[PDB]
Structures are given as C-alpha cells and as structure tokens.
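Colleague: Chains as they are written, first to last, in the authors' numbering: chain C, 1 to 154, 157 to 215; chain E, 2 to 19, 21 to 32, 34 to 50, 52 to 155, 158 to 214; chain B, 1 to 31, 34 to 156, 158 to 215; chain E', 2 to 19, 21 to 32, 34 to 50, 52 to 155, 158 to 214; chain A, 1 to 215; chain D, 2 to 32, 34 to 118, 120 to 153, 159 to 213. A prime marks a further copy of an entry chain. Just so it is clear, CB atoms sit at the ideal spot from N, CA and C, and this is done for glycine as well. Below you'll find the structure I mean.
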Amino acid sequence: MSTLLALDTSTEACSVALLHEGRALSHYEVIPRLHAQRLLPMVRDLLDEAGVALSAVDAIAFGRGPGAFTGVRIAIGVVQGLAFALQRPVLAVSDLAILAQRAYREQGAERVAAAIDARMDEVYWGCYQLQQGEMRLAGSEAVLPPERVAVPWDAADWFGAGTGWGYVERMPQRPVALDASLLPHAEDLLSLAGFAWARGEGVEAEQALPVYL
Amino acid sequence: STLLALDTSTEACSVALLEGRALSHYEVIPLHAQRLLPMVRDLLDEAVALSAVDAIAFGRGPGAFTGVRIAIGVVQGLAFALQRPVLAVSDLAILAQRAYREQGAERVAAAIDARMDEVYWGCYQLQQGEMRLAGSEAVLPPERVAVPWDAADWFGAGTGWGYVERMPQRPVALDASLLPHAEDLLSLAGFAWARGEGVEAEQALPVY
Amino acid sequence: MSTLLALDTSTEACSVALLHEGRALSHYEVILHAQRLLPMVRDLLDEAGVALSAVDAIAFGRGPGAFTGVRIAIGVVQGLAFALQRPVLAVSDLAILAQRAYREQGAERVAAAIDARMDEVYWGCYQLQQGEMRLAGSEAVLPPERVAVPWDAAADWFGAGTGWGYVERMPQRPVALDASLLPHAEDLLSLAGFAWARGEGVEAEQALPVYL
Amino acid sequence: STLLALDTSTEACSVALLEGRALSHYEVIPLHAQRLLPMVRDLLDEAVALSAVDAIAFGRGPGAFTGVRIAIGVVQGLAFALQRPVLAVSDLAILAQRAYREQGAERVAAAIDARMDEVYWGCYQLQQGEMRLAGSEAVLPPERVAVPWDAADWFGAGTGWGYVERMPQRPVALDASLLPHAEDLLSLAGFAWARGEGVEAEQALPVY
Amino acid sequence: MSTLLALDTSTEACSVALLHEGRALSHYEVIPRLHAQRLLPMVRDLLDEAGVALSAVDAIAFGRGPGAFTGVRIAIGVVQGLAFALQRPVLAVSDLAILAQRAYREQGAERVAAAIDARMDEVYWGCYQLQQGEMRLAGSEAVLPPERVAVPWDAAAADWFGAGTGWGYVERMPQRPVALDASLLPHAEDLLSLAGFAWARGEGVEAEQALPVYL
Amino acid sequence: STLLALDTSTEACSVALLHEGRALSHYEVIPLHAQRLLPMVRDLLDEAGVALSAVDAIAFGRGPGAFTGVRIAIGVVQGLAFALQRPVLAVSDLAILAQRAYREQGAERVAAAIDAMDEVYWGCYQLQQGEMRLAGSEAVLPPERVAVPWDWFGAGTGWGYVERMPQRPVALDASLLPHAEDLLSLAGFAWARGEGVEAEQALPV
Ligand code: NA
Ligand code: NA
Ligand code: NA
Ligand code: NA
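Okay, here's the thing in structure tokens:
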C-alpha cells in the first residue's frame, strides 16, 4: 500500500531506499563527505528505476543522527525541502536504531548495542532489543567516552554494531559477536519507518530536525 | 481555579491548562528553550488571559539535568512577574498518574533513565484519586531497585524499564516508553492546589 | 513574469525573500538555521499570499561562509527545487554583501570580506556594472595581510563584511567600511534577477557550495 | 528608559537596572536557580516597579551550558508575562566592556574557559562608547587562538587566560579572573536598545 | 581525416570537444561540481553522441593552465592516463591562447590580450595575434602584477580586445583596449581549433615523456 | 587477478603490480609526480612482462596527503580505467602507512598520521587477518586533540609533530610515507571482497 522514501547521510555511507507496493529498493554507496554531491542524484535514479513518481510518495524517512554534524544536516535539508514542497510528512529515525535493525537483518541479532564513532574521542551509544519485528530502544541514547559505556541486559547474548566498536578495547564489556565496519543503511531505515508510519508518527517538514546528545 | 502546567524533564515537551475546561499540548523532540514558550502562547489563545492564571505547576524532576532547569527558569520567571504561586510535582509521580489514566494501573513503579548507568526510581499507589509516593524516590542501579508491595499486581512505567532484565523483580505488564505528560501533571496539581501546597516563585527548584 | 524565491543562511543571518509580479518582499533575523529557514519561507509566502507552485527559480547563497550553514541552505534549496522541478540560481555571498552595500550606502566599488576559519578571510572585490555588483578578479580565502584591491589607489571604495574586523592587519583600508554587514536575501534577489535574465539557472542537483 | 540585566553564564551571578539611575548586585557562588530571582527582587525594591521595565537584557553565553540556560528561562518567563522585549548580549563582549570600565582597555581579547580543553574566544575593540566584536566568536584550543590586530597594545580578559602559556601570543597585561558582570551587560544593552535590537521573549536563546 | 579529443577544466567551466572527419562537436557546462566527477562522463557522452570510439582518437588536447590548479591538475592526469592506455600523443595548449581563439571566434578580434586572474595580486598575461586562422602568441606569457603588463602592438592605433578574468585589474594596467570581456572563459571548441594547428605541426608528446606544463 | 597500484599521495612516487600471484614494486622519493609516475608504470610493466590490457583493476591512494600529488594520481587512474574499461579501488593513505609499518616493523597496530595548515591527518588501524583495518574513523585534527582507540606503532609525516599528542608510542617512524606494495596488499583484500567501482567515481577524501 504505502509509498515511503528513506534517505540517510549520517556517516560515510550515503544511501536511499523506496517502499512501493510491498517491494523495497535500495542504493548504497560509501564515499567520504561528498554527500551534498550525491544524495539527490541517488533519489532521482531510484525513483527512475522503480518507475515511481515523487508525487506518489506518502512520507519521507530520514536518519536523524547521531553521526557527522554536516552529514546529518545535509539529509535534513534535502528532506525538509522535499517534504515541504510535496506537502507530505516526515519520519525521524535514529541512526543507532538503523544500525541495530541492520545487524538484525544481516546477522540475526535480536539484542544490539549500536555504537558510532564521534568527535572529541567519544562515541554515540544506544542499545536496542527486537520487539515484534522492530528493534526498539532500551534506555536512552548518549554520547559517552568508550570507558563509561554499559548495556541494559544481564547470560544474555548481544551484538556490538557500528564504528564505535573500533574502541572495543577501551570499553568495559565485549560482546560474544561484533561488527565495527557496519554503517546505517537506508533499507533498514525503511523497515523502521514502516513501523513508525503504522503508528502514524509522521510530522511536518519544519520539524525534520537532528538530535543533540 | 485556573492552573498552568509545564514539563520539559524528558525528551517530551508538554504544557496544559485548566476556566473549568482542561486542554493539553504534547510534542516529543530533544530545543526545549525554543518550543516551550510558544506552546504556552498557542494554548492560552486557542482556549484565556495569562493574568487570569491563579497558579503554575511544573515537573521538578528527576530527569534531564538541563531540561528540568529550563522549565524551572521559565516557571520562575512567569510566576514572579504574574505574582502567583507555583506547584512542584515529581516527574516519577506524573508517570505514575499517566499509567493510571492510560492503562488503569493503581500500583505503578515509575523508573526514568538516569546518567551513569542508573535509574530514578519511585513507587506510587492510588489513593483516592491520586497516585501517591510509597516510601521515597531514589537514584539507584537497576539491580538494587525494590518495591514496597508484596508480589500482587503492579505496573512498570518509564524509560528506566529498559533495564528490566537487570532488575531483581519485574511486573506483570510495563511500558518502557512512557514519559511525563503535562495533562497528568495538571491532575496532580489539582490535588496539590486544593491542599494549599503552593509556594513563592523563588522556592521553585529541581530535586536532588 | 518571473517569480523568484531566495534563501540565505551562510552566516549568522537567516533571510528569505520573494520576487513576484515586480514586487520584492523579505524577512531577516539574526540568531541553528535548520530550525528557522523553512518556517521563514512559509511565513513569507503567506504574507505575500503566493503559492510555491508559482515560483520559477530558487536562488541561494552558495557561500563562502559557515561550512554547515551554507550546506543547510543548499540542502533545502535542492529539495524544494527537485520536488518543484525548478532551476536554481547560485550566487556568491561576497557578491550579496557588495550588492547590499551599494543599496544601503551607494558604494559602487566594494571589497567584501567575510571572516573565515583559521585566521583567514574570504575576500572578493566587486564593482557596479549596469546596476549589478560584478566580481572583479577572483574570490579567495586569504590571510588578511595578503589582501589586495583591483582598483587604482583611491576613485573611492568601501569595505563590507565581518572580515573587516581584521582591517588593521590588511595592507590598505578604505575611507568608509561596515564590518557588520551580512548577506541579506533582498540583495541576493536583486542579483538573482540579473542571473535569471542571462539564463544562468541550473538543475536542482547542481545547487552546491563553492570551495575557495 | 528602564532596563533590567541578568547574567548567570559563569560562576558569577549578577543583576542590574537602569528611571535614569544605574544599580548593580554581584555575587560569586556556583545554585543559580536559587539566588537569581531574589537578587531581582532585592534590586527592584532597594531602588521601582517591575511592570515599569521596558526591556530585559541577558548574557546569551558562551559559558556554562546550564548556567546560561537558567538565565534564559528566567528572562523568557519574565518578559513573556510582562510582554516586553529582550536584549541578547554575548558574555565575551561583557568581559570586554568590563576590562574597559575597570582597566581602560580599548582592545580586549576575551577568553572564557570551555569544556573539552578549549576556550571561547572573542576580540573586541572600542568603537564610540562600546566594545564591538572584531571578526567572530569561536570555540578553539588555546594554541589556535588569534587576534585581529597587529602587535599594538591589547588586553586579555577572562578565565580562558589560564591557558595563556599554551597560546601563540600574549598581551602586555591580562586578567585571568574576570567574569561577566551585569553592570557591563547593562552598558552594552544601552547601545543595543537605542539601536532597536530588541526581540520577542521566545527568540531569547543561548549561542552555539 | 584526423580525430582529436579536447578537454578543459581549468576554470569553473568543464568542456569537451571532438574533431571527427572535419566536423567539430562540443559540450560546455558551467558548474560548481568538482571536475573529477564530470569530466569523464562528458567525454563518454560526446563520443557516444558523435558515434566515435575512444580508439579512433589520434591525439588528446588539454588546457595546461593557467587557471585553478586543481582542475588543471585533474586534466593533466586524466589525459595522461587516457593517452598512456591508448598509446596516443598529448597536446598541451595554453589557456591564454584558448581565450584568444575564443574571442576571435565569438567577437572577430584579431589581436587579443588574454589575462587570467592569478594568485596573490598578479595576473597571468599573454598576447595573441591571428595568423592563418590561428591565434598566435607574441612573444611570451608571464605572471605579472597588473601595473607591468604590456602589449606588443601599438596600444592606441591597433585594434585589440581584452579577454579573461584578469581584466578585473584593468584600472591598474598601463593601457586598456576599447572593448574587453572579463568574464570570458576557455572553451574546448577553441582548444580543438588550436589542437589542429599544433597537430599539423607534428606536435604531440607520448604520456611517458615530460609534459610541457609547469605548475 | 592482475592488479595495478599507484601512489603519488606524498613526495614518494610508487607503483606496484600483482600478476600470476607475484607482487612487484618500484619506489622512488622525488619532490615532479606529473613527470615520473607513468614512466614508472611503463618500466614496472616491462619488468613484469605484462601488458596493460591484462590488468583487471587499478588501486590508488585516495589521500589524504599532498593536495597536488593526490589530485594527479587520481586523474591518471581515472584516465587509465576509463580507457581500459576497468574498475578502480580507492584505498586510504593512512591505511597504506599502517600496512607498511606492519610489513616492515612487524606492527600489529598502527596510528597513522600525515601533516596537512596546522592540523594533521589521523587514522588508527589494527591487524585483522593480515589486513590493517581502520578502527574508528579517519580525521583531520590538530596534533594535541589526537586520540587513540586502545604495544602500538606511530607512522607518517604527521608524527613529526609528536609533542603534546598527548600520547607518545612504543616506537615510531616520522619519515614513513605510503608505498605501492602495501597499497597492493590492501587492494587484494578489497578486490577479493568485490569493492571495485567505476572510473567515474574515483575521488579524494
Ligand atoms: Na570517537
Ligand atoms: Na578568521
Ligand atoms: Na575550463
Ligand atoms: Na590576482
């Protein structure tokens, strides 16, 4: 039924995805910070390949951060512009959540501690737990030095996801399994956006905003 | 009486008002020093004069260190210039009252996520119309957390319940995503105002 | 009939402006633009009672200026322009200063300087040609000591922009200067007028910042 | 005109007021949500009606993340209920004006200590009666700090000058212990008010 | 009979051109994109549009500057890489000459003083005069403060045109022409015209050889 | 797989080839890259008895490093790949340093640094199955702000600004530059994972 567009430029990965008639399509490229250069062309190519008009889009999902300061904000701008002009709602979704949901798609983890490298020798951190198909946040998200990091579980199997885990040796807990290369991917944003769209969580374009931690 | 209710203690930003009618505005976005005042103005006009307000209620915390303090400063300012009293209410209590209104929970163990791998903890039991603190509020690791009832049927409300697995006891049902809501603060303020609990603007302060 | 929307967030100023049926409206506020720019755009179209569908091109400040601020404008403009299928008009923020200084003080020769990161200034010199401040030479990012005008030693010229807080380290200085001017969308719009008239518009995808 | 001036951006807590007379109250203690409002009341009475105030000035920062925000919230509240405009002023500028009034410095490199081993940096030059920003304010490591004058005679004011040894240039004289003072904010507000720079209570916000 | 590919990325403009069987074809695009993105796609599009295979190219011309020494560097590398792989000669051509050839094509000017803005209060300077359809340098190019630039013809009696961004400095120059165009930029089509004259003289350098480009 | 690898990221100029599982390399320090790179490619090719048409993919140092030298190697690579119709492999110069310092000094973990005005290019790498993989993220920072993600080596031009790092290492080489053989190593890893891209998309950091 619902046609949803998903954009993420919060990290080194620039990706875009489209839900249309139950089918999901994605483009994903890693570049460094040429995002402004490549985000629209990608939307254009995806719509073109799918044969979907932009007017067909019911809502635009975006990675709201945390991640790169300028990166995140490029996504925000494009999305703001698109949704205001179309007069459609937007869905803000955490990049830590996107990480979590990807680790669930690719590695089958149901309990993920998402961590993203951050400026000034901290990392962004949020732990997620599968609930009815959706990785949902457990506790709160934060920017912490890797030393002060902690899980909300006890004996439980969990996964370390994201480039924050480059700091694993400096961190209290080590998980049974881990992936420190993993980036937010728009395909997974699209899944999360679906759950949010089902609960009707969409907002006006003016409120498409980045997070502060 | 006409009462005004503000809360910025969590991700949630919320304002509410009580002539005899009761209205609420609730927006989840982390910024609070930007959207608070507008929400006030939007509500006063879409319902009423500001100088008609007899008292102002607020979340005193616990919660976000800066968040609670923004609401306090606003309330401190509003009330001083108006020369009206204020109504200090706990955010754990608001959660309690919310879980009552929403799911009919008469016994609510409220837990809000705190810094440094801890939770703010408070247990509330429905007395007359109101959730009321059973014992005292604390800041604890999740493994040291405890309830004052026998385990009876009780509810877990708030973000602190992300740590449920690490706690020594779990309720039948719980909502890990509940946040303090200004409507519920307003209910709680009714009880406090009717009991003459108001204080002068200066004494409006966050909890420690 | 050409209707032009103009956005600028390159510096602490956030401004929008509209050109419709030979009329020019503009708002300007000095204060996180991501919160403010789009609401301003809304209020403005409302105040002029115009619809976004009417707009033929969107003009923007392409920098130089704040790295992230420029990018916020570029992102919104890209997004508006793509959904609307309209072309975009890139205009320099140094040019906008020059155009403002001409409007506000009659200066026909303006050395625009915007304070840049790491003890440098963005520098560009402009002179009036048929009512448009046009670039004379190149824009650059320079230490203030290495800054130079393309004109003969005082006709008079004017120093415009926050780069002029460095006037004492510069090898020369004008008779008059305003180190407090910021880009203003009304001037962006005047400039846009000229660029639209020469068909300088480009696809939404190409709305990008400059690097100096 | 009658103007009110608050600042809680540093350790210092300070309030000041301008009928034609000018009075100041200044106390150094780290708490601000407690002593601010009283200082307001003490000053209004030992001099004047609150509803007589035409505008309110405040330190917008930089400084203490929570500190600045407490003053903002107070000012946001006061001004809204009074329905008067507000006057945003930088704390680095206040330092500049203070070092002028106190030691006669016409060129002041203001530096306030910041988190994460950095300093807030702003250079000010006396123009007409007022210190005015030369270039822009920044948050820098002390080794990257730079002045916009030739080295002429200039002054270093504020806590950021604890890091002087790590900076690439040092002035003839400096005061590492200066803090923003409400008197000086009030001077700076005069210039801003006379230029019609006031804004509506909501737009009162801290700097980033 | 000769097939030449031409590209220029020395300024804000990216342009590409092709001589094939006596016909010229060119695309010119002015954009803020970094060239690295757009130069190859433009080459691709032009070849496909003309129906010419890369392997049919006899030689490749490029503007060797002066100009933005980022876009010039891009050009030097692409062309050297394309030519190393094809094993075909390279034809370095001055951007000051390209301007002259352009002012001649567009404006009819047979004597052109090309000037391009340079770093640090200087301009790149070169004077050009028509010979047999080709604008030809007289006598060398320099990077000079604007007060020292000079023309080799009589500044007043002769008819000459000023071309390029350096003419921003015209007030500081010891002479000026009746007409100038300080916005004029290099165009690959005029690079092509000049490449043909150079090719016809047996110019052309293997990619391996030291390139007559001094940056 | 026949792989060709090029670096002019810094002052050093180097090229390498992997043909028939043999790895060959030419290294030369010369402050002149738009002049010596292609000769080096041709010489190395002769010495391997390989024709450029044999090559399946072309690796290059994408930076960071000297802005001129990087932009030329990028351009050369794009040109080669467009004409041969071959994919390209972008590899960080900081990773290349880290791979060199492993091969040469045995270092199982490296903190690569390259001088940029004031700031220096920073990246920390760890060995994982013979490949020096990035730990956190690469960054441009002033020398003082530099952090580490952890018996660890310090590599590159940027370790000349050692004082107030704040951390000093076990051992270090402040004159270590990127080397094509180590770019080659890293490329083989990238190749094997299907990381190749179009010539069009070869771009610097
Ligand atoms: Na980090
Ligand atoms: Na500067
Ligand atoms: Na060009
Ligand atoms: Na010049």
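What do you reckon, is the C-beta of A:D8 under 7 Å from a heavy atom of ligand 1?
Modeller: no
Colleague: Closer than 6 Å from C-beta to any heavy atom of ligand 4: which residues, in chain order?
Modeller: B:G139, A:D117, A:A118, A:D121, A:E122 and A:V123
Colleague: For the region 172 to 204 of chain E, enumerate the residues whose C-beta is nearer than 9 Å to any C-beta of chain C, in chain order.
Modeller: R172, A182 and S183
Colleague: How is the alpha helix (DSSP H) around E':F84 delimited, first residue to last?
Modeller: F69 to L86
Colleague: Run through DSSP, which three-state label would E':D8 get?
Modeller: strand
Colleague: Does E':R148 come within less than 8 Å of chain D when only Cβ atoms are used?
Modeller: E':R148 counts as touching chain D.
Colleague: What's the C-alpha gap between E':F84 and E:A56?
Modeller: 14 Å
Colleague: Listing by chain order, which chain E' residues have their CB less than 7 Å from the CB of D:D117?
Modeller: Chain E' residues near D:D117: none, gap ~16 Å exceeds 7 Å.
Colleague: Should E':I60 and E':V79 be called a contact, given that it needs their Cβ atoms to be closer than 8 Å?
Modeller: yes
Colleague: Can you find the residues in the same chain that come closer than 8 Å, C-beta to C-beta, to B:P186, ignoring five residues on each side of it along the sequence?
Modeller: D8, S10, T11, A13, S15, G63, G67, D95, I98, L99 and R102
Colleague: Which residues does DSSP pair with C:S15 in a beta bridge?
Modeller: C:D8 and C:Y28
Colleague: State the start and end residues of the unbroken alpha helix (DSSP H) segment that holds E':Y124.
Modeller: In the DSSP assignment, E':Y124 falls outside any alpha helix (DSSP H) and lies within the beta strand (DSSP E) extending over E122 to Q131.
Colleague: Looking only at DSSP bridge pairs, what is E:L180 linked to?
Modeller: Residue pairing by DSSP places E:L180 opposite E:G162 in a beta bridge.
Colleague: Quick one: give me the first and last residue of the alpha helix (DSSP H) that D:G22 is part of.
Modeller: From DSSP, D:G22 is part of no alpha helix (DSSP H); its letter is neither H nor E.
Colleague: On a CA-only basis, which of E:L130, E:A115, E:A155 and E:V151 is nearest C:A138? Give me that one, please.
Modeller: E:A115
Colleague: Do the CB positions of D:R105 and D:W160 come within less than 8 Å of each other?
Modeller: no
Colleague: Which residue marks the beginning of the beta strand (DSSP E) containing E':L137, and which one marks its end?
Modeller: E134 to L137
Colleague: Which residue comes first and which comes last in the alpha helix (DSSP H) that contains E:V43?
Modeller: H35 to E49
Colleague: Quick one: residues in its chain with C-beta nearer than 7 Å to the C-beta of A:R172, no 5 flanking neighbours on either side, listed in chain order?
Modeller: Cβ within range, chain order: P146 and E147.
Colleague: When you compare only the Cα positions, how much space is there between D:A118 and D:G166?
Modeller: For D:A118 and D:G166, the distance between alpha carbons rounds to 8 Å.
Colleague: Can you tell me whether B:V93 is helix, strand or coil according to DSSP?
Modeller: strand
Colleague: Would you mind stating whether residue 157 of chain B and B:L91 have Cβ atoms separated by less than 8 Å?
Modeller: Because residue 157 of chain B lies between 156 and 158, and chain B jumps straight from the first to the second, it has no atoms in this structure.
Colleague: Would you verify that the beta carbon of A:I31 is, or is not, closer than 8 Å to some beta carbon of chain D?
Modeller: no
Colleague: Below 8 Å on the Cβ atoms is my contact criterion, and I expect C:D45 with C:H27 to pass it. Report the Cβ-Cβ distance as a whole number of Å.
Modeller: 7 Å
Colleague: Look at the Cβ atom of C:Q37, then the Cβ atom of B:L211, and state whether they are nearer than 8 Å.
Modeller: yes
Colleague: When DSSP builds the beta bridges, which residues end up paired with B:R119?
Modeller: Looking at the DSSP assignment, B:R119 forms no beta bridge with any residue, so it has no partner.
Colleague: What span of residues does the beta strand (DSSP E) with E':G63 cover, start to end?
Modeller: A59 to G63
Colleague: Taking the CB atoms as reference points, tell me whether D:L4 and D:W199 lie closer together than 8 Å.
Modeller: yes
Colleague: Interface residues of chain D around E':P145 at Cβ under 8 Å?
Modeller: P145, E147 and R148
Colleague: Can you list the residues of chain E' that B:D121 reaches, using a CB-CB cut of under 7 Å?
Modeller: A150
Colleague: Does chain E' have any CB closer than 8 Å to the CB of E:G81?
Modeller: It does; some Cβ of chain E' falls within 8 Å.
Colleague: Where does B:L194 sit, in a helix, a strand or coil, going by DSSP?
Modeller: DSSP, reduced to helix, strand and coil, places B:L194 within a helical segment of the structure shown.
Colleague: Which bits of chain E' does E:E208 rub up against, with CB to CB less than 7 Å?
Modeller: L40 and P41
Colleague: Evaluate E:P177 with the Cβ neighbour count: other Cβ atoms within 10 Å of its Cβ, from every protein chain shown; 16 or more gives buried, anything less gives exposed.
Modeller: buried
Colleague: List the residues of chain E whose Cβ lies closer than 7 Å to the Cβ of C:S140, in chain order.
Modeller: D117 and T165
Colleague: Report all residues from its chain with a CB closer than 6 Å to the CB of E':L180; omit the five preceding and five following residues, and keep chain order.
Modeller: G162 and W167
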